[PDB]
Ligand code: HEC
Ligand code: HEC
Ligand code: HEC
Ligand code: HEC
Ligand SMILES: [Zn+2]
Ligand SMILES: [Zn+2]
Ligand SMILES: [Zn+2]
Ligand SMILES: [Zn+2]
Ligand SMILES: [Zn+2]
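Residue numbers (my numbering), protein chains in the order written: chain A, -9 to 96; chain B, -9 to 96; chain C, -9 to 96; chain D, -9 to 96.
Right, dumping it as structure tokens:
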């Protein structure tokens, strides 16, 4: 899917997690986030469209998604163990990484 | 391609790195490894065919590739800077990740 | 030093990195941050003062410094190669680890 | 404790883990390993006695303990949750990191 769609999927499911009531909702939303983040990993954002794929900017862009995926996986673990409140708190730590990338490449 | 072909790629290019003389040959091998691991991401290993694609086991399986890809990209940095022996030490630690996943899922 | 001093050292030197324009300044600040984080390793934060020093919580507390120390080292590596902007890009994500520990434990 | 003593602690407690019957023995052993590795983190090994603490060798030596501690932390987490066989298996994957460091610096 394209980057815009990946971002709407991330945004939608992050807000679901914030408001969910059960592990199943949280796990389902985190699974969708993991897939959208892993898909966006290969994207070229408009700010960097003329940069080399080997460029430091793009390496930093891809690193941001690697970080985000690792955080999503950790939240998924917490949810698979039924620590819904801990998984929801982790989702709030996700936002910082979202914002870190946006503050640079949006 | 499929997981088996992805793994042949990882194995072949790990051997290239070990015997390499120059940084470009290590960079080339690591780049192919990175591509193979990203393609293996979507795969269902035989030992997990009895699980749902969103099961804890399948997310842990993909987390192994997340680790591997992080390490591959660290070693690619070293190679891009001319540090052949340093990249070769990193590949020794890469094998620990190969083995750890194989211990659980191969 | 104690945790209160270590956090001032982390915060002061993070601000130095944010305003730096040369690699020597960034390298100096990151080295001080690494020392402070290593020193903070042994600390017990007030909200875990009732927990055993090997509860899941205290190992998880130390793991937060383990993440930070890894990120500091990565940024230090970049500074040692003269890549100010790349080092400063890494300090921004560093901030999310500060925040994440504070969210759980401050 | 000195580096040799740290290494005896690591080796003894790795064997305890392989021989354990319950999660509490595995947890106690990993706790001892986490502490000994964190002590060893700041040591200078005989092989690197004449090297700059800022040398690539010493950076790589310290990084090896950073890797090992992260692995120990992950195994301790598994044991704490009653994934006893997985914790024992992870401790068995520590050896690859031990050996990778020994190859270079012992
Ligand atoms: C880089 C590594 C990013 C991370 C991590 C996250 N996002 Fe993102 N996002 C990024 C870019 C480059 C852009 C701009 C896309 C463009 O075409 O200009 C965006 C955009 C968004 C948007 C707006 C999309 C739109 O249709 O206008 C949203 C809502 C968004 N991003 C959300 C979001 C969330 C919730 C994230 C973490 C969970 C997140 N982003 C991470 C780059 C990066
Ligand atoms: C999990 C995340 C894995 C990682 C990381 C690596 N491998 Fe792997 N490998 C994995 C599976 C599940 C399988 C079985 C595939 C099947 O259909 O049977 C394999 C298989 C291989 C092979 C095939 C030959 C064999 O002895 O089985 C090779 C040559 C191989 N793997 C190599 C390899 C290397 C070098 C890796 C790291 C660089 C590596 N694998 C990582 C799962 C995972
Ligand atoms: C570097 C990053 C290392 C890691 C990780 C591990 N060890 Fe180690 N080990 C290292 C050095 C430099 C030395 C030599 C110390 C000396 O001064 O001679 C060692 C030594 C050992 C020994 C022998 C100790 C002795 O008294 O001679 C053992 C039994 C040993 N190391 C075990 C061990 C284990 C089990 C590890 C991982 C769990 C491990 N070491 C990690 C450097 C490093
Ligand atoms: C846990 C692993 C932490 C990490 C990582 C960081 N900090 Fe922290 N910080 C932590 C705690 C438990 C506390 C509260 C301690 C207390 O006695 O109440 C703090 C506090 C701070 C403060 C406030 C200092 C004060 O005068 O009260 C600052 C300014 C601060 N922390 C900064 C900071 C920075 C910049 C970090 C990353 C670079 C960082 N902290 C990481 C625990 C943890
Ligand atoms: Zn790179
Ligand atoms: Zn768990
Ligand atoms: Zn470098
Ligand atoms: Zn000591
Ligand atoms: Zn270094």
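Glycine included, every Cβ here is placed at the ideal spot set by N, Cα and C.
I need the DSSP call for residue i, collapsed to helix, strand or coil.
i                     : result
residue 12 of chain C : coil
residue 46 of chain A : helix
residue 72 of chain A : coil
residue 36 of chain A : helix
residue 41 of chain A : coil
residue -5 of chain D : helix
residue 31 of chain D : coil
residue 52 of chain C : helix
Indicate, with yes or no, if ligand 8 has a heavy atom lying under 7 Å from the CB of residue i.
i                     : result
residue -8 of chain D : yes
residue 29 of chain D : yes
Hey, is residue i close to ligand 7, as in C-beta under 7 Å from one of its heavy atoms?
i                     : result
residue 68 of chain B : yes
residue 47 of chain D : no
Under 8 Å between C-beta atoms, does residue i make it to chain G?
i                     : result
residue 10 of chain D : This model lacks chain G altogether, as its protein chains are A, B, C and D.
Just to confirm, does residue i get its C-beta within under 7 Å of one of the non-hydrogen atoms of ligand 6?
i                     : result
residue 71 of chain D : yes
May I ask you to check if the CB of residue i is nearer than 7 Å to at least one heavy atom of ligand 2?
i                     : result
residue 95 of chain B : yes
residue 87 of chain B : yes
residue 51 of chain A : no
residue 55 of chain A : no
residue 4 of chain B  : yes
residue 58 of chain B : yes
Does the beta-carbon of residue i, which I'm using as the reference point, lie nearer than 7 Å to any heavy atom of ligand 5?
i                     : result
residue 63 of chain D : no
Cβ of residue i within 7 Å of any heavy atom in ligand 1?
i                     : result
residue 76 of chain C : no
Please indicate yes or no: does the CB of residue i lie closer than 7 Å to some heavy atom of ligand 3?
i                     : result
residue 0 of chain C  : no
residue 84 of chain D : yes
residue 91 of chain C : no
residue -3 of chain A : no
With a threshold of 7 Å, establish whether the CB of residue i neighbours any heavy atom of ligand 4.
i                     : result
residue 43 of chain C : no
residue 23 of chain A : no
residue 35 of chain C : yes
### Query
What residues in the region 76 to 96 of chain B bring their beta carbon closer than 8 Å to a beta carbon of chain D?
76, 79, 82, 83, 85, 86, 89, 90, 93, 94
### Query
If you measure beta-carbon to beta-carbon, which residues of the region 46 to 71 of chain A are closer than 7 Å to chain C?
46, 50, 57
### Cβ-based contacts, 8 Å cut-off: residues of the region 29 to 47 of chain C near chain D
31, 44, 46
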